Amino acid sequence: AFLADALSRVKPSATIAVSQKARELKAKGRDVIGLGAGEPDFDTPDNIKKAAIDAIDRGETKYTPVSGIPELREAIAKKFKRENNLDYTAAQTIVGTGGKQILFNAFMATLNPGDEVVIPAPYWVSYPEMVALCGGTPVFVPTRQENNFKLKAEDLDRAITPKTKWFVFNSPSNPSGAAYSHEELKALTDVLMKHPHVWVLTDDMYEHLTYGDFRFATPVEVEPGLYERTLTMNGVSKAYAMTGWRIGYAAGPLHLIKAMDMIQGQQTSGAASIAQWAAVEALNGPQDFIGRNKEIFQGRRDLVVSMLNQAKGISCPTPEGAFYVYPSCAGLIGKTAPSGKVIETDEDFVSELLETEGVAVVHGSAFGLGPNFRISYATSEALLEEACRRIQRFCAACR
């Protein structure tokens, strides 16, 4: 037909559908609280704004090298050494239009029909969509809430086959907020060292959003033996409240970086020049924003964890990173919502919650693990408190 056969491999997005239903409820006058934000509710710090404005003033308005301006590729190589104790040259780095484009082109540069990509559940839904669009086969490995949504080494090992090309490792996790300690990650790298053909795609986007005394670690830092088959991907979107600017980056083996540069050159050429100069300042400038926001987010996390565990039938683990919680609604399965609807799935729970209380969350089965739902607490404490009060009232009314 006219559209590519490949598009049929991509399942419709439950997350966009939730945003759409919420938007429809607000349009007809309902008081809706959205709990699906994927971006901080803070503006970009002034120092980053000023650097962008400076680049505009100087006339940095021309095409950049496809893989990034040299100032930013250098800043990225230094960040990987300074923050993650990894050794990359600037030539091993690539700047994309979002971390999204890094992941997309890593897959488009590598996937052939029959290639498998191991994706732990719950997963960010864009991961299997990209793999499927690029023609690969997602292979999902479920985690369990009793293990705080973290992968068991034995489950990772069973999922790997000679057809496995990639293992996607996202810590801290969207949607669960789970974050692997050094020792938890070492158990997984020990498995990967037993399957040397499997490349590792590590999504470190939420590196700087971690709570308490948790210490972030990335796969090649934990296992240097993974250096020649890992793409270490990160970005400024979450850490620096720069989601709109679209700057992500990665570092890895030269032959992969060259292949992604070739595809990126056909797709977008380099990322917006002004946004790249902004990202240079984000990485090289003062880092006070990071510490300030850890405290703000930890308080929001604590509020939501406290309130959700008071709700009838709800159980909420305490996450260690990112700004998501992944509570279970297992205690409400089989009960009758206020509307009369029998709650048979987490999708029923979430759609009844939205209609009855105007609180918009995403059901866990959309991310590969239920009966659960995701809440993003990247919004005000007043809105979180009001939304959790409504969730408490809704759950108490289920019979």
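Each residue number is its position in the shown sequence, starting from 1.
- Averaged over Cα atoms, the B-factor as recorded in the entry is higher for 186 to 194 than for the other of 186 to 194 and 226 to 234.
- As recorded in the PDB entry, 138 to 146 is the stretch of 91 to 99 and 138 to 146 with the greater mean C-alpha temperature factor.
- Ranking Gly59, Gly34, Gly340, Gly331 by the C-alpha B-factor listed in the PDB entry places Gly340 at the top.
- Within the group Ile375, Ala378, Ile391, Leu383, the record's highest C-alpha temperature factor is found at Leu383.
- The entry lists a Cα temperature factor for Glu281 that places it in the highest third of the chain's modelled residues.
- In the PDB entry, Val66 places in the lowest third of its chain by CA B-factor.
- In the PDB entry, a CA B factor belonging to the lowest third of its chain's modelled residues is recorded for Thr202.
- In the deposited entry, the Cα temperature factor of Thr345 places it in the middle third of its chain's modelled residues.
- For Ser306, the recorded CA B-factor ranks within the middle third of the chain. Only modelled residues enter the ranking.
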